[PDB]
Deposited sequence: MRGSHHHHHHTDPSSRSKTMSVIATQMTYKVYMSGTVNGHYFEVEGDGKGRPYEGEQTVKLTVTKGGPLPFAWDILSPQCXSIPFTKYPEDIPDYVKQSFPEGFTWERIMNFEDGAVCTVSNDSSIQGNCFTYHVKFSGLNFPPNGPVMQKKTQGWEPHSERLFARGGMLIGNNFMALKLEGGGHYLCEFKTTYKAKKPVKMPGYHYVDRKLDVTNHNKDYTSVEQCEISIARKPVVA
């Protein structure tokens, strides 16, 4: 509030393994935390070119940049300056599973995100390992308070080259490092776009819009 300015930058440090292939990624992002608008530029710094779809990593690259209306408590923004962690499970319909963890901290006008990524049982002839994916559909996260924590669930879908969808379910648990005022039951609508990349996706630029709201029919 005082803590988070209307324009902020951030830094992403991600490392992990997909089917045992190790990688590191660094990003530089910026956006407007109260408008729910952000952009980031990512470089694969280790283990590139990645032999799997960039798309599984794009949503691990920024929760404080969500536009919350005044009458819904904003759990993440409240968690600063101490900050918060998040823990994500991703269950893909062909049996692949990822677990992703983030620590999020603030230094002046900059957030820092440390992300560990672990994914496996992606089928070798499936669309992640053959790189046949073409972006996530726009998605919606169901959010509710439980034991001091914010719990989110999304039905996600990757568009497939040649048509059709490849489904994934996200469960993300957000954990503020102090007690904050808990929101009621609500949603966050997002779209995540890859707006630029080089040929082997060792460089990527992404755009996201995130807006909290009440249920549409209530």
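- Several segments of the deposited sequence are absent from the coordinates, namely 1 to 19, 81.
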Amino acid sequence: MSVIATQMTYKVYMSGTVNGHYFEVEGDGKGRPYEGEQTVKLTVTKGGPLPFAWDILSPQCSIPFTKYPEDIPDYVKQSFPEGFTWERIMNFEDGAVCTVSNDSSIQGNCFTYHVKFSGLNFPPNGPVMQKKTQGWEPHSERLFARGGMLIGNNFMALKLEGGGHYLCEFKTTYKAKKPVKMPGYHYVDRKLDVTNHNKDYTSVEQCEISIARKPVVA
From here on, numbers count along this sequence of modelled residues.
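- Averaged over Cα atoms, the B-factor as recorded in the entry is higher for 5 to 13 than for the other of 5 to 13 and 18 to 26.
- For the pair 149 to 157 and 175 to 183, the record assigns the higher mean C-alpha temperature factor to 175 to 183.
- Ranking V188, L57, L167, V40 by the C-alpha B-factor listed in the PDB entry places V40 at the top.
- Taking the deposited Cα B-factors for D103, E137, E82, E141, the highest one is held by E82.
- In the PDB entry, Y75 places in the middle third of its chain by CA B-factor.
- When all modelled residues of the chain are sorted by CA temperature factor, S118 is found within the lowest third.
- In the deposited entry, the Cα temperature factor of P127 places it in the middle third of its chain's modelled residues.
- Annotation for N91: CA B-factor lies in the lowest third of the chain's modelled residues.
- The deposited CA B-factor of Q107 belongs to the highest third of values across its chain.
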